[PDB]
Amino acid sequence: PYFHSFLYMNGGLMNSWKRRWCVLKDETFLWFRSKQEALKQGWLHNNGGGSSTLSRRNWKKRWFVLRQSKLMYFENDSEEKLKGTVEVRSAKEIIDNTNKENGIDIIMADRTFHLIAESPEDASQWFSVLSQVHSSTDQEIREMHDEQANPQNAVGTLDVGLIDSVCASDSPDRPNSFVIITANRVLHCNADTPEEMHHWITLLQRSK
């Protein structure tokens, strides 16, 4: 990426500030609820625990993070509440079902974990990384690259080309706060340090 860091953003319709992990790359500014540091991360509908009794209607959407041989998932993309953990290399096999349901199966001991995505490409990516870690030594795993930040996981995105103005918000309570202004949108940001801010000001003024 060009640059990345955490940033505190907005006050939408209730003056609510949230810590967001932000990244600029290929002229797109994007912000997440947490740092994207994993081989793959994303939302997937799944039968919790690998229950064969659960009905597909009751399959909850969770936030999956695959880090080494451990495919874990959370309640939110904030990764605040760990909901479960599957050790991929202990699976019997992984099955590519992207053509029937945009899904992947992880066949475990007595049960199978169904992972359903919303697109064939997303299902293909998951199957690919899962299939690879499953048949890979510790060394060959520690050698694997973290996926690049996915635009589909971002809370919101912004083409720098649409930026009309990037200015420092001279606010008393937020000395490192700055405003990003577009034709149909305005968003406030805050940095931990003044240099982090000035750096963002510099980087974001490059297009339009």
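Position 1 is the first residue in the sequence shown; the rest follow in order.
The mean C-alpha temperature factor is higher for 139 to 147 when 42 to 50 and 139 to 147 are set side by side. For the pair 151 to 159 and 51 to 59, the mean Cα B-factor is higher in 51 to 59. Highest C-alpha temperature factor among 69, 34, 177, 165, as the PDB entry reports it: 69. Among all modelled residues in its chain, residue 105 ranks in the lowest third by Cα B-factor. Among the modelled residues of its chain, residue 19 has a C-alpha B-factor that falls in the middle third, as given in the PDB entry.
Per-chain ranking of the deposited C-alpha B factor places residue 99 in the highest third. Per the deposited record, the Cα B-factor of residue 204 falls in the highest third when ranked against the other modelled residues of its chain. Split the chain's modelled residues into thirds by C-alpha temperature factor. Residue 122 is in the lowest one.
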